[PDB]
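Below is one structure; the comments refer to it alone.
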Amino acid sequence: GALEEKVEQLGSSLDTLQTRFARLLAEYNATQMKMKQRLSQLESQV
Amino acid sequence: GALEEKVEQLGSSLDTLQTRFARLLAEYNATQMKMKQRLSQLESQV
Amino acid sequence: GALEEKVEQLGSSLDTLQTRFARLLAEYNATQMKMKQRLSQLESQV
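Residue numbers (our numbering), protein chains in the order written: chain A, 29 to 74; chain B, 29 to 74; chain C, 29 to 74.
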């Protein structure tokens with residue numbers, strides 16, 4: 029019924045969010061490396 | 029009833045986190061662009 | 029029953045994600061401040 033439906037909805041929503049969070053964490057960690065590299069380079073230059 | 033309320037609280041906590049995650053994602057993507065541009069302009073200036 | 033048990037599993041998963049997200053958001057904000065400052069120092073210096 030209504031409750032079983034909402035629980036199913038919540039299940040699928042949480043699954044989606046888990047995947048999107050995993051993507052963001054990984055990209056954030058990856059881009060952060062290159063950004064720090066570029067800043068460090070410029071600072072050693074000036 | 030008890031279960032209905034646990035499911036309510038679960039839905040409301042999940043909604044809050046989805047909204048928070050959506051904002052962080054958009055901000056991350058936005059600041060990545062700005063910062064990369066600011067870096068490019070410094071790299072050329074040096 | 030199976031419904032109450034799915035609800036309890038979802039609650040545990042969400043709580044874990046909430047904590048992981050709080051960790052990510054906090055470090056994102058902190059590193060953003062620092063990156064901005066570094067950029068602005070570099071721009072000041074040319």
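Backbone N, C-alpha and C define an ideal beta-carbon position, used for all residues, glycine too.
- Within the model, the alpha-carbon separation for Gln-73/A versus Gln-73/C is close to 11 Å.
- Within chain A, the residues placing a beta-carbon under 7 Å from that of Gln-60/B are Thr-59, ordered along the chain.
- Interface annotation, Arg-66/B: in contact with chain C, CB-CB separation under 7 Å.
- At a cut-off of 7 Å between beta-carbon atoms, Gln-46/C makes no contact with chain A.
- In chain order, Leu-42, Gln-46 make up the part of chain C whose C-beta sits under 8 Å from the C-beta of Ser-41/B.
- Among the residues facing chain A, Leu-70/C is included, as its CB has a counterpart in that chain under 7 Å away.
- In the three-state reduction of the DSSP assignment, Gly-29/B falls in the coil class, being assigned neither a helical nor a strand state.
- Linking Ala-54/C to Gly-29/A through their CA atoms gives a straight-line distance of about 40 Å.
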